[PDB]
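One structure is given below, encoded as structure tokens.
In structure tokens, the structure reads:
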């Protein structure tokens with residue numbers, strides 16, 4: 038089977054429309070993969086200590102931990118940019134109210150392994166041969182024994198471009214640490230910070246081996262391989278954003294003065310307080326909007342920029358990413374700043390490497406702590422500098438840490454919204470944390486597999502031994518080998534169409550003569566895949 | 038079939054649990070094998086005489102014998118380290134009361150033969166080609182015509198590591214010797230030691246030939262090969278150790294004084310001798326523990342460090358390996374000192390080669406000769422220096438050879454225990470000595486095949502002749518060739534789970550923060566496979 | 532309950548007998564008995 042092709046290339050995007058308004062969005066993604074021969078044929082247990090970690094203030098910069106570096110490379114296509122292209126997104130987000138994960142199947146084919154012979158005859162000349170017989174190692178951890186490691190959050194996914202080759206990344210998992218950083222400091226002060234790390238508590242050591250946990254298929258040029266057909270069990274994802282806030286829930290207080298002159302300038306009048314009727318979660322006989330009965334709490338302040346410390350070290354306490362307020366805050370509203378790559382958007386040509394861009398979901402929930410505040414005992418419209426905590430009050434003596442930094446408003450009354458899909462660098466589905474009690478969602482991605490997540494796809498070039506034996510020695514020498522093999526995946530979703538219910542037209546992402554540039558190549562061949570808002574369709578909340 | 042893979046890699050360890058508490062421990066072992074082209078295409082009959090052999094005292098150092106060196110290489114996977122890994126062992130030994138050999142099957146695949154062309158163009162450059170057509174010779178001695186030669190006892194097994202390549206060893210058997218060493222000496226003395234050897238008595242010459250006794254399969258890259266499915270007939274192996282000794286068998290003498298104060302310090306009292314009742318294998322009306330009726334003899338002294346001499350020369354008389362006593366003796370209790378290898382445990386990285394470590398089974402039987410003794414005629418509690426042989430008495434005039442060195446206590450009353458499995462360097466099953474009367478066990482391994490043992494797997498690279506003819510000449514010249522071919526074996530056992538019968542918890546092999554290091558790679562890729570106790574579950578004996 | 536199985540390479544925690552604790556699982560020369568508490572949930576588990 039040497040001279041015959043095993044699989045087929047296809048990167049089409051099929052949108053089947055069915056009855057009652059559903060759609061079978063079928064995304065085909067093919068891509069030419071390139072794999073280099075693992076440079077260290079062993080399993081290494083490496084630690085990581087950075088000089089920066091152990092300095093006054095630079096604690097947040099701590100990078101310590103332990104790595105299990107495997108000789109295997111991983112093929113993760115879990116990231117929107119893989120499946121869709123700009124146009125696709127525009128369609129889906131501009132018209133589907135919800136979308137959900139259905140089936141997924143990969144397939145590796147037209148494997149080609151290549152030897153490289155050196156010819157230092159005057160100038161270093163390279164000769165390329167085909168080791169027809171050599172093999173490509175492929176492993177599929179169906180049961181997820183190997184620690185899960187999504188690539189997406191490190192833009193180490195496959196190339197978001199069908200006409201451009203791409204590389205799978207080095208597989209390496211976390212191993213128990215015993216990180217020490219006592220005690221925290223502050224930029225200036227002189228103190229002796231202890232900075233250590235020693236492979237975790239023995240009882241917590243997890244040392245896995247591709248070889249030991251999964252059957253490995255050997256693939257010669259004429260061989261082929263294919264995932265079965267995995268079916269997701271996932272809570273559908275909404276592609277609509279809420280807006281209403283507690284100050285916009287329910288029956289608006291009836292007015293007594295409708296304006297008499299055009300312009301959003303002139304407003305209407307409400308009867309004085311006192312004379313108003315209804316419920317009150319406060320005592321004063323006066324019913325204000327800020328102080329009014331609402332169904333629940335839409336949103337919540339999560340102590341921002343708080344660092345917690347557990348065995349593995351210190352770390353930022355995650356915040357459910359929601360849209361910022363008119364006071365572009367971001368960090369407290371879990372905004373997510375992605376960094377691009379010469380392969381995940383960002384002009385292929387550009388001289389400077391990678392790109393910035395921060396992301397803010399559309400669902401309005403977030404807060405503006407630089408505004409929030411607290412008052413004492415019986416409220417009292419008309420504060421008491423003494424009986425009122427403000428967004429500019431010194432907590433614990435530090436003149437810039439205000440109450441909001443420590444304030445947590447989560448409660449049974451809280452109504453929250455899930456992360457947003459972030460085309461394209463965004464992760465798509467995610468394994469669920471195997472803890473007795475589970476999280477209501479993840480920040481990583483919008484889809485969490487209720488059951489068992491799809492399998493990790495592993496790859497590694499079969500060691501091409503020489504005549505200089507093996508064993509009875511440290512690191513064995515081998516023929517320089519590499520591989521070019523294709524890959525085709527099929528991700529299938531389900532979504533519902535939207536419909537005209539209101540009077541006014543809504544948001545929709547379009548082309549402006551000032552952005553087409555971003556969806557069109559360059560006079561040289563530059564291509565971008567700059568991220569786009571998602572969940573842009575307005576939705577009632579109450 | 039050039040570009041297609043023949044077999045599949047799998048080194049998983051399946052533990053199926055069935056009814057009534059049995060387990061189908063199925064061990065899959067795959068490994069990339071590397072074979073070099075036999076350097077001497079003939080069958081050589083070599084002798085071996087060491088200078089050390091013929092010197093005063095250094096007799097024990099005798100290495101003489103005769104070798105039949107074949108051009109074939111052997112693939113022996115008979116050794117625990119092949120099949121299981123540290124974790125596996127911990128599980129099996131920590132929970133199975135017994136285990137037994139069931140089925141076994143090998144399979145060679147993805148054969149690849151390679152030519153190596155020289156290019157001494159300035160610096161010696163190597164060019165690697167594929168002799169697609171050349172073949173790999175494989176022979177399976179199903180009926181065991183070729184002399185059996187387990188690799189295990191010479192740590193020449195396959196590599197105990199799935200992610201590391203390995204080499205099969207040179208096959209060479211013993212051939213009749215007529216070793217002469219008359220007469221024994223002692224380090225100092227001047228005497229004329231005759232040291233000779235001449236290929237054994239003609240009537241005892243056994244000259245085998247792979248070619249002449251077994252059909253050989255030729256394998257081209259696209260070929261495959263597989264053992265059938267051999268079934269063992271073996272006495273199950275206990276994974277529990279006995280403890281009770283003759284001084285701990287049966288009904289303990291009833292006491293008459295139970296202690297009144299806490300602490301293992303204060304003991305209880307037994308009525309004086311005389312007044313005691315029962316059997317006695319002695320005359321005195323006084324019944325002592327040392328001199329008390331017991332069911333049988335648990336253990337036995339085997340004349341230690343005794344050297345016997347038969348045709349092939351002198352040699353140490355084997356001792357059933359049992360645990361040492363509180364007087365760490367070892368040698369007299371057949372302890373087994375294994376020597377590791379850069380491929381059978383022992384840090385791959387370490388600068389020093391190989392490792393030490395001695396082994397002591399758990400079943401308590403062994404003795405402490407430096408304690409034993411003998412008394413005369415009617416016993417008599419209260420010796421006679423004259424009527425009492427002691428552990429420090431000069432035998433035959435030599436001031437350091439005491440009676441124990443010559444003492445053999447084996448008898449019909451002897452109750453003995455079988456060798457222990459020694460993970461991982463330990464041999465697993467073993468051929469039975471074809472003598473009219475058989476041994477009750479072997480020391481080599483714990484499993485002895487009642488029927489015919491599995492077949493020896495032979496390998497050798499098909500001679501890649503050149504254009505410089507052959508025959509009509511001594512040693513023929515040929516193209517330098519070698520091979521990389523995979524191998525997968527499937528060893529299946531049966532074992533029973535343990536159960537809580539007593540009150541107290543028992544031994545169990547665990548992780549201490551002081552040993553995980555041994556089950557975890559190194560920051561460079563070092564791996565160890567240090568041996569572990571086995572048979573660690575306590576067992577009643579009576 | 533469900534049995535455990537060898538998935539990884541390394542052996543794990545396990546509660547055993549040390550010559551320094553058997554005392555706690557054995558009566559006294561007078562009849563003393565202890566039932567000192569022991570760790571539980573001692574088998575390592577992946578979380579992600």
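Protein chains in written order, with the deposited numbering: chain A, 38 to 579; chain A', 38 to 579; chain A'', 532 to 579. A prime marks a further copy of an entry chain. Backbone N, C-alpha and C define an ideal beta-carbon position, used for all residues, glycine too.
Neighbouring residues, chain A', relative to residue i (Cβ below 8 Å)
| i | result |
| --- | --- |
| residue 556/A'' | 540, 541, 542 |
Burial state of residue i, where buried means 16 or more other Cβ atoms lie within 10 Å
| i | result |
| --- | --- |
| residue 324/A' | buried |
| residue 12/A | Residue 12/A lies beyond the range of chain A shown here (38 to 579); nothing can be said about it. |
| residue 508/A | buried |
| residue 223/A | exposed |
| residue 112/A | buried |
| residue 373/A | buried |
| residue 295/A | exposed |
| residue 205/A | buried |
| residue 191/A' | exposed |
| residue 300/A' | exposed |
| residue 54/A | exposed |
Chain-order list of residues whose beta-carbon lies under 8 Å from that of residue i (same chain, five-residue window excluded)
| i | result |
| --- | --- |
| residue 613/A' | Summary: the structure shown does not reach residue 613/A', with chain A' confined to residues 38 through 579, and so no result is reported for it. |
| residue 432/A' | 438, 439, 440, 442, 443 |
| residue 386/A' | 559, 561, 562, 563 |
| residue 167/A | 149, 150, 151, 152, 258 |
Partners in chain A for residue i, counting only beta-carbon separations shorter than 8 Å
| i | result |
| --- | --- |
| residue 575/A'' | 240, 241, 242, 243 |
| residue 204/A' | 506, 507, 508, 509 |
| residue 149/A' | 170, 171 |
| residue 164/A' | 154 |
Own chain partners of residue i with C-beta closer than 7 Å, once the 5 adjacent residues on each side are dropped
| i | result |
| --- | --- |
| residue 533/A | 58, 59, 133, 134, 135 |
| residue 164/A | 154, 156 |
| residue 147/A' | 42, 43, 44, 522, 523 |
Anticipated Cβ contact below 8 Å, residue i with residue j, distance rounded
| i | j | result |
| --- | --- | --- |
| residue 480/A | residue 402/A | Actually they do not touch by this definition, with Cβ atoms about 14 Å apart. |
| residue 218/A | residue 99/A | 6 Å |
| residue 47/A' | residue 252/A | 4 Å |
| residue 574/A' | residue 553/A' | Their Cβ separation, rounded to whole angstroms, is 23 Å, which puts residue 574/A' and residue 553/A' out of contact at 8 Å. |
| residue 63/A | residue 529/A | 5 Å |
| residue 571/A' | residue 458/A' | 5 Å |
| residue 371/A | residue 355/A | 7 Å |
| residue 173/A' | residue 498/A' | 6 Å |
Residues that residue i contacts on chain A'', provided the C-beta gap is smaller than 8 Å
| i | result |
| --- | --- |
| residue 315/A' | Chain A'' residues near residue 315/A': none, gap ~25 Å exceeds 8 Å. |
| residue 300/A' | 560 |
| residue 246/A | 539, 540 |
Cut-off 6 Å between Cβ atoms - residues of its own chain near residue i, not counting five sequence neighbours on either side
| i | result |
| --- | --- |
| residue 127/A' | 546 |
| residue 581/A' | The structure shown does not extend to residue 581/A', since chain A' spans only 38 to 579, so no value can be given for it. |
| residue 22/A | Coverage of chain A is limited to positions 38 through 579, which leaves residue 22/A absent and any answer about it impossible. |
Neighbouring residues, chain A', relative to residue i (Cβ below 9 Å)
| i | result |
| --- | --- |
| residue 39/A | 39, 40, 41 |
| residue 530/A'' | Look at the range of chain A'' in this structure, 532 to 579, and you will see that residue 530/A'' is not part of it. |
| residue 260/A | 40, 41, 42 |
Contacts of residue i in chain A'' (Cβ-Cβ under 9 Å)
| i | result |
| --- | --- |
| residue 468/A | 579 |
| residue 471/A | 576, 577, 578, 579 |
Proximal residues of chain A', C-beta to C-beta of residue i below 7 Å
| i | result |
| --- | --- |
| residue 536/A'' | 52 |
| residue 254/A | 45 |
Chain A'' contact residues for residue i, given Cβ-Cβ distances below 7 Å
| i | result |
| --- | --- |
| residue 250/A | 538 |
Residue i: contacting residues in chain A (beta-carbon distance under 7 Å)
| i | result |
| --- | --- |
| residue 519/A' | 504 |
Legend entry - Contact list for the region 53-86 of chain A against chain A', Cβ threshold 9 Å: 77, 78, 79, 80, 81, 82, 83, 84
Inset, instruction - Mind checking the region 334-367 of chain A against chain A'' and listing, in chain order, the residues whose C-beta falls within less than 8 Å of any C-beta there? - result: none
Legend entry - Interface residues of the region 122-140 of chain A' facing chain A'' [CB-CB below 8 Å]: 122, 123, 124, 125, 126, 127, 128, 131
Legend entry - Within 9 Å of chain A'' by C-beta, residues of the region 281-310 of chain A' in sequence order: 295, 296, 297, 298, 299, 300, 301, 302, 303, 304, 305
Legend entry - Interfacial residues, the region 181-197 of chain A to chain A'', with Cβ spacing under 7 Å: 182, 184, 185
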